[PDB]
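In the form deposited in one PDB entry, a lone chain appears below as structure tokens.
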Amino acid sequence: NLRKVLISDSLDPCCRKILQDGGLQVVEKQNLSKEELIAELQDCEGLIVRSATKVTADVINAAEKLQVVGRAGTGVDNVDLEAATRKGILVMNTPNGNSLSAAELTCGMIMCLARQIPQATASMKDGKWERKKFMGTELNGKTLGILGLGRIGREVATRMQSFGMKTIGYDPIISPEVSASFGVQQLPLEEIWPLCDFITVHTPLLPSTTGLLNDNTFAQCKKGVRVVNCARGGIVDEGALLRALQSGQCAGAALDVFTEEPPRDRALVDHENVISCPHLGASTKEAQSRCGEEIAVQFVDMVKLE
């Protein structure tokens, strides 16, 4: 079954502990070269990654004993699913562990857009006292549009309801009855755009969600709409977002994620009305601990099957 598991990224110690409690041998090495990674995998049936380690077609094809790739996080962004499927390698992730940490960062970004706290801190640290520049907006009575009403979307909804925000949204798979149970009125996208003071995206990256916000959608928005992307780079068209920030059609944007990470185009990051993080949505001690446990349990469950 599984003898040895490699951990190629920085995880909570509890990942290794649960695996070793399950009778598995564990190696833990970070910042390994592509050649280095291939070398340490020759003894291993299991590999556990975060987002740093790139499990490409070349790494999969070279790792002969590899049976399972485990990602302590959501999606499979840094894993070639096609390459793994062709080799019969099982790819597992932790869809629940990061939900609350991503929802909390999203809520923080909404508050930061309303009051420009990051820009105000930068101003203060430059020895400036700029009261007029940083006149902000009250969230109470404003409309938040939530695109994607899965794990994270519903947690954002209930938190921002406590601020007196009206929460509307769209999800092609979630019933209006389910969304109603967490206070989100579902509408067609065309009805959402004109109502929103704030828009936040919580969808996978799919053809249908690539530029879910674009020039066509910004044209339908309230002048001065504020937008959050703590989901995946590209869901908000970065070209369309910059054009909306330049016109003032968009009053501000908060971006945890970019089409390229780190972004080589700095136009959005450098914009005075853009707040950003280097993909910190899952970067809490609690989320890293829960994902480490979630992936370790999946590995042990595989042992029980084998």
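Numbering starts at 1 and follows the sequence shown. In this text, the rigid core denotes the largest set of C-alpha atoms whose superposition between the two forms falls within 1.5 Å.
The same protein also has a form deposited in another entry, omitted here; what follows describes it.
Superposing the two forms on their core leaves just one of 187, 76, 122, 219 with a Cα displacement of at least 2 Å between the shown form and the other one, namely 76. Core-aligned CA deviation for residue 54 between the shown form and the other one: 2 Å or greater. The Cα shift for residue 40 between the shown form and the other one, taken after rigid core superposition, is 2 angstroms or larger. With the core held fixed between the shown form and the other one, residue 245 has its Cα displaced by under 2 Å. Shown here is a form in which the CA atoms of residue 53 and residue 261 lie at least 3 Å closer together than they do in the other entry. Note on residue 30 and residue 278: their C-alpha atoms are more widely spaced in the other entry, a change of at least 3 Å from this conformation.
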